[PDB]
Amino acid sequence: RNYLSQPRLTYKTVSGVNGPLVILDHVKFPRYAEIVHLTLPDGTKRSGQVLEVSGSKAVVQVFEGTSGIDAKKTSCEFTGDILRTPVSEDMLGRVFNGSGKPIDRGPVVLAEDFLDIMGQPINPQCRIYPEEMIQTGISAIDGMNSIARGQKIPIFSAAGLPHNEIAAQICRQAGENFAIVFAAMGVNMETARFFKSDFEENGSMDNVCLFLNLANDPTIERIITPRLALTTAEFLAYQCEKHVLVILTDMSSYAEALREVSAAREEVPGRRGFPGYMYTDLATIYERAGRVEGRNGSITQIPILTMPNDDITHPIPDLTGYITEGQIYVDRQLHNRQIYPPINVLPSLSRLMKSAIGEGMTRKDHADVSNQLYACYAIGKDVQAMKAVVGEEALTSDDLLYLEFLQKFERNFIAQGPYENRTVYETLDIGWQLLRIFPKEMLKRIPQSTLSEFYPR
Amino acid sequence: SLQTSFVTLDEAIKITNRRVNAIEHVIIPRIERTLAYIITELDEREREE
Amino acid sequence: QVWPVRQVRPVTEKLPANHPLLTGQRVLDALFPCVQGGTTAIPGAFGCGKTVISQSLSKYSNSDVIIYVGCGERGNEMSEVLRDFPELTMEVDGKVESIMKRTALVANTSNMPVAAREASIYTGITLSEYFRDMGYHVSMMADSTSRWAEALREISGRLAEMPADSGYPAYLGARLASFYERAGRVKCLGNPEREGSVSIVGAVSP
Amino acid sequence: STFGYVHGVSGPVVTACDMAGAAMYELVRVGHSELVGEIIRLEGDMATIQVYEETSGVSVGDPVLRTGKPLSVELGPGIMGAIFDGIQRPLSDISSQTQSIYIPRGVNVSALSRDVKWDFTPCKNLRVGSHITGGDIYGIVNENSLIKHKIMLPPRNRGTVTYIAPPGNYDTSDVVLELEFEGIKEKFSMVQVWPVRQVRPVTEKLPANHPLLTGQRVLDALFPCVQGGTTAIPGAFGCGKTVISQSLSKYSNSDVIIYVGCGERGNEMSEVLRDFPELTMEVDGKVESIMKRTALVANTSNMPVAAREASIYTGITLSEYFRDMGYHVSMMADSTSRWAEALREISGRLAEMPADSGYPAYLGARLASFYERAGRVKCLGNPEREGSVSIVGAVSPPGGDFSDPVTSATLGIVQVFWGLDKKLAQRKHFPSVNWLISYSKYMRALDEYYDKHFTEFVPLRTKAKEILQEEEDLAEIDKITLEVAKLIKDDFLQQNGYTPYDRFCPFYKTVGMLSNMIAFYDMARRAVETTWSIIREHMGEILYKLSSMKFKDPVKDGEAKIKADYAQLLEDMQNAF
Ligand SMILES: Nc1ncnc2c1ncn2[C@@H]1O[C@H](COP(=O)(O)OP(=O)(O)O)[C@@H](O)[C@H]1O
Ligand SMILES: [Mg+2]
């Protein structure tokens, strides 16, 4: 029905190549974000967005790099539309490369609709708020920092830490209507093989849309990799009404692919070299989440970002801390003690904890015991800070229990093991036991109306 | 003469080993992670110019 | 009536501020009190609760109307507002009715474009200046002005402007001063001789 | 067009005009002295070229002769034992051809010698008219007694054989093959040209499984590395950096060793070219020089800084070419921190934005695009052979701190980190690899080899690591554990590289010594759980049997296992007494 049938022009009039930007000339009415199809003199096909136009010029940027592009022989071949990904329901079980193409010797997708990869922002009037609590099984994520279906929440980790080992875990045991779209930006060969051969185990490959983009792939393809991973998931949800779980590997490594392309554009550096719009371009790929009114579907994001040099004040955990709806912190001192999900619960908060708990949802003492299990954790963490200075014997009887809980909190409430899921009822019945090595009247965050039932057991 | 010399040393070794452990764990890692902040704040103005 | 949002509303003569803004918090009303007709700033890092004080202001203040401005905010945080407001009924003359009768949302999330973040601050203070002219003790929760200052940086980056300290343009102190100084209790224009107010509580995300 | 004119030089940069058919990153020849330059910008008819050499005496109007090839190497015979710079000029041949001591700044000497003749043999069922695709083994050249330099097809082209060469002697410029395609009968010699920034194409990558037996007892047992793996080591003055660089070239199970000295020093590069020409390796026959399977990329800091960036990329392209013949290449990059200080000069000349502590925006992406060129991988070609490349990259941080924009970026990509300590080298604990900071992410992938072969090894290492882990807290303030951990650190982990046996041990002795020191431990754990001072006094002879186990000479091969049996049963006696 509605389409464009004019033949595309083919310019052989490149004028300026400096870095990844190819400045064209004698272009007739260029649009702002057209895909152009470069044809190299040695028969290589490269693609590229138009970065900005001015009059007759058109400064495109090439995706696969600019090495080999001539001035006379290369034939940039325009296309009069924006980047439209070919999206279908049969992109579920296939492994795609960085830009759009299949890896596992399959065919190109037939794609009953073509969607804009930039998407459109959802109307906040008809954007319903996530209430349905999802079950992860990890007691640090399920019980203490409970996440709802539709919530965006990252995993704060560093290099060497097993973020990708526990992200496949919540990809494995989350809870017939559950789809998973995976994006791997800047992974190793091992991590791309560890994720490929993990969904080959559980039979979950019938609902997995793995987007691999390895470290040898070009650095501009890492920009459009989490764009296509979401507008795929904005088609499996919001148009086909099934619950999608988006996981973006190395959202840190997306941002160095955002810093590098912006230094080539020579524009407005923010903190630490990252560009000035680095809050916005991490928000257009994070705010595609949540549930809407007239659809049964949902889309929930668990991105992974490696904060450099363990600093939470680095701009990569900083700007995602402002735009997501919480964070999950993976600690390195707990990984050194062979604690399994090496997560620490003090800087890891979930914003949607207040709605997903209650008598209607889950077990009314759960919302209040997490206020108290932070208090026994936060006071006891200062006790080990005090134990380093004065001595192990100058502690009083109050702050010997704060060390006694803190030693038993790490090994019993956490470290489930890599193949054990335990429900929220098992989390609280192993979490109330840790508050029963405490005496009465020091649980000051708990009211007396709720403390009377669960303490005698 | 040694019994009153024994217990006066354990009152002066404890108020000295705290001042060792106050410098080692409080004063120096407050200065050290301040000095790591002056270095990056120098760098965020050296790329601003 | 049609009024340009960048032009300040004319008014008779400004008055000193004497009545306090009862926010309901214990530390806020006791140690660091704010008056209706005053300017307030709430800085702090992520996860500190800069909006749960702003949502406690829009629910339980001693103000006639409430205007909440979401400037680069979350999409779920404006859906959080319009859901739980129509069950929060408050009393004025022995009659209970929800706070959505007195709350007007200017919603401009982070997904929505960056040049419109300039407009959502100036619109929400223009509705706040208009309801001041009726005599109502208007309050306004700017949330958050640090995402408005990031819209000034991204626009000035395209115009090849020279930056000030940390990227921002040199006129950052003149845009914030031309917005915060539009607050203050003031005898309005017109013959029925009414005294209104505008109290700006602007969240800052450093 | 064929030539270009200079039209202005302003430092390293040359804005050469009259170049309409010039591509990006091509190599040119600026001036009458033919300085090698790199095209870096392309403004219509002109092309901004940065020049590798000193551009002193370049006038406006000198011919800029373009080549049409990017920054590439020459792959073929005559590459073993040669010493190259970063841009592949033979430093050994450049001293005999010119008879001087300086590099003459303009010599375009061929990288492979076009005078030495090699014995070529065909593939023997590679007939005329048979179809051949890229990557197929086409011939075999006996380069040395060790290396059979298998001539391969370039991965770009394809077709059917029309002219093949009879078995005989040939030059590097003689046409060996001629291929029929649809268009043109294309002919090409024994020398292929491949760009260094472009990854060598290959069929399918495989998980790495076979461990690199580097020779030491601490490295092959406790912190193992697999061929096809990546590895970082620290770069101080004296810890162990001469040992791990040369013991891995002498005694490892690698078919070739390619060493990249990437802008090291003046005399620290001279000692490598004084030592590597006279190292010896014990093959099954009589001993031979290590220079029949070694290729050197030698580079000082005096040399051009675009030949210091490209020294890493040249050394990995030589390493990836010998991977495709089926060999098990290992590459020692020494160092990468002097390579990161070469990127800061290259991006600093272009005035680009310094992202993290001076270094450019793509420091984390250039390192990750180089350590990803390692891996055990089934090669291209119809003979269906498998190869591997191991990359060992020395990291030289300022002051020895592990928080640095290139040190923290390297330890996020590498899997094995043999942390070499200066403090262990001060106390003459050789080799000086630390055991607290060091690790291996290569333990989960090696238990399949430690179960199909060598079955009793993984309960020992997962226990003896906890012995060294318990000992550090006990030394801060069980008495059985402090004695046996002293025995492991003094007999097992310590290793003298000059003893005629203890310079290199195989793995059956290495699994043998840790078997006895653990079987002595759990028996002594039982013998106290029923007296420790009598144990230290009455078992003094069997502790001498443990502490002298390291001297099982390679004239004793089966007897080295036989002595491990008889020293095991002697511990069975005295535990009951
Ligand atoms: N006074 C409070 N009452 C209840 N919850 C609070 C209060 N203060 C902070 N919180 C909690 O702290 C977190 C902060 O939420 P939020 O305002 O979104 O962080 P931010 O200020 O960065 O936007 C939420 O989980 C919120 O429930
Ligand atoms: Mg907020």
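Taken together, the values in this text are just the output of simple stated rules run on the coordinates, not laboratory data. Because the Cβ atoms are built from the backbone with ideal geometry, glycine has one as well, and the counts that use them run over all protein chains shown.
Can you give the net charge of the other residues whose Cβ lies under 12 Å from the Cβ of A:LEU400, counting K and R as +1 and D and E as -1?
Net charge around A:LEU400: -4.
Could you state the angle between the C-alpha long axis of helix C:116-132 and the longest principal axis of the C-alpha atoms of chain C, as a value from 0 to 90 degrees rounded to the nearest 10?
It is inclined by approximately 20 degrees.
Please give the average number of partner chain Cβ atoms lying within 10 Å of the Cβ of each residue in C:70-83, rounded to a whole number.
6
Could you tell me what percent of the DSSP beta bridges with both partners in chain C are antiparallel, to the nearest 5?
Bridges in chain C are about 25 percent antiparallel.
Considering only chain D, what is the antiparallel percent among its DSSP beta bridges, to the nearest 5?
In chain D, DSSP labels about 70 percent of beta bridges as antiparallel.
Evaluate peptide D:354-364: per residue, the Cβ atoms of other protein chains within 10 Å of its Cβ; return the mean as an integer.
What the average comes to for D:354-364 is 6.
Using the Cβ atoms and a cut-off under 12 Å, what net charge is assigned to the surroundings of C:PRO169, where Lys and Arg are +1 and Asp and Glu are -1?
Within the 12 Å Cβ shell, the charges total -1.
Share of antiparallel DSSP beta bridges in the protein assembly as shown, in percent to the nearest 5?
60 percent
Give the relative contact order (percent, whole number) for segment D:116-188; include only Cα pairs under 8 Å separated by 6+ residues.
32 percent.
Add +1 for every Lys or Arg and -1 for every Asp or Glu among the other residues with Cβ under 10 Å from the Cβ of D:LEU436, and state the total.
Net of charged neighbours comes to -2.
In percent, how large is the relative contact order of chain C, given Cα pairs closer than 8 Å and 6 or more residues apart?
Relative CO of chain C lands at 32 percent.
Would you please classify the overall shape of the protein assembly as shown from the alpha carbon gyration tensor, given that a ≥ b ≥ c denote the square roots of the eigenvalues, rounded means a/c under 1.5, and beyond that prolate means a/b larger than b/c while oblate covers the rest?
Oblate shape, in that a/c is at least 1.5 and b/c is the bigger or equal ratio.
As I understand it, the dipole of segment C:90-192 uses +1 on the Cβ of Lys and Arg and -1 on the Cβ of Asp and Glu, about the Cα centre. Which of C:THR109, C:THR145, C:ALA119 lies farthest toward its positive end?
C:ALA119
Among all the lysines, which ones have a C-alpha under 25 Å from D:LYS117's C-alpha, if same-chain residues fewer than 8 places away are not counted?
D:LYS148, D:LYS150, D:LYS187, D:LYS292
Tell me which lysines have Cα within less than 23 Å of A:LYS196's Cα, excluding those fewer than 8 residues away on the same chain?
A:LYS101, A:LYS242, D:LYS205, D:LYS378, D:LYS441
Using a simple charge model, +1 on the beta-carbon of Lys and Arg, -1 on the beta-carbon of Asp and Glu, nothing else, what dipole does segment D:308-441 show about its Cα centre, in debye to the nearest 20?
Dipole magnitude for segment D:308-441 comes out near 420 debye.
From a point 7 Å beyond the Cα of A:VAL390 in the direction of its Cβ, which residues of segment B:1-19 have a backbone N at a distance under 17 Å?
The answer is B:11-19, whose backbone nitrogens lie closer than 17 Å to the label point.
Using a 10 Å cut-off on Cβ to Cβ distances, tally the other chain neighbours for every residue of D:19-25 and report the average as a whole number.
The per-residue average across the peptide is 6.
What does a probe at A:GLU453 reach in segment A:348-380, counting residues whose amide N is under 14 Å from the point 7 Å along Cα→Cβ?
Residues passing the 14 Å test: A:358-369.
Is segment A:238-367 rounded, prolate or oblate when judged by the Cα gyration tensor, a ≥ b ≥ c being the square roots of its eigenvalues, rounded requiring a/c under 1.5 and prolate requiring a/b larger than b/c?
Cα axes put segment A:238-367 in the oblate bin.
Specify the residue with the greatest mean-square fluctuation among C:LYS187, C:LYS95, C:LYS50, computed from a Gaussian network of chain C linking alpha-carbon atoms under 10 Å apart.
Answer for the Gaussian network model of chain C: C:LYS95.
Would you work out if segment D:239-328 is rounded, prolate or oblate? Take a ≥ b ≥ c from the square roots of the eigenvalues of the alpha-carbon gyration tensor; rounded if a/c is under 1.5, else prolate when a/b is larger than b/c, oblate otherwise.
It comes out oblate by the Cα gyration axes.
Going highest first, how would you order A:255-268, D:373-386 by mean Cβ packing within 10 Å?
A:255-268, D:373-386
Which of the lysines could be linked to A:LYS381 by a straight reach, that is with a Cα gap under 21 Å, when you skip same-chain ones fewer than 8 residues away?
Result set, ordered by chain and number: A:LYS408, A:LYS440, A:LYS444.
I need the phi-derived Karplus couplings for segment C:9-23: 6.51 cos²θ - 1.76 cosθ + 1.60, θ = phi - 60°, integer Hz, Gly and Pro marked x.
6, x, 7, 6, 7, 6, 10, x, 9, 10, 9, x, 8, 6, 8
Kindly list the residues of segment D:252-278 that lie in the label zone of D:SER95, defined by a backbone N under 19 Å from the point 7 Å along the Cα-to-C-beta vector.
D:259-278
Charges at C-beta only: +1 for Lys and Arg, -1 for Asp and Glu. How large is the resulting dipole of segment D:116-188 about its Cα centre, in Debye rounded to 20?
180 debye
Would you grab the residues whose amide H sits under 5 Å from the one on D:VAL141? Only those 5+ places off in sequence or on another chain, please, with H modelled 1.01 Å from N.
Counting only residues 5 or more places away or on other chains, the set is D:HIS149, D:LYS150, D:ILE151.
Using Cα pairs closer than 8 Å and at least 6 residues apart in sequence, work out the relative contact order for segment D:19-78, in percent.
For segment D:19-78, the relative contact order is 38 percent.
Arrange the peptides D:322-332, A:441-451 so that the one whose residues have, on average, the most other Cβ atoms within 10 Å appears first.
By packing density, highest mean first, the sequence is D:322-332, A:441-451.
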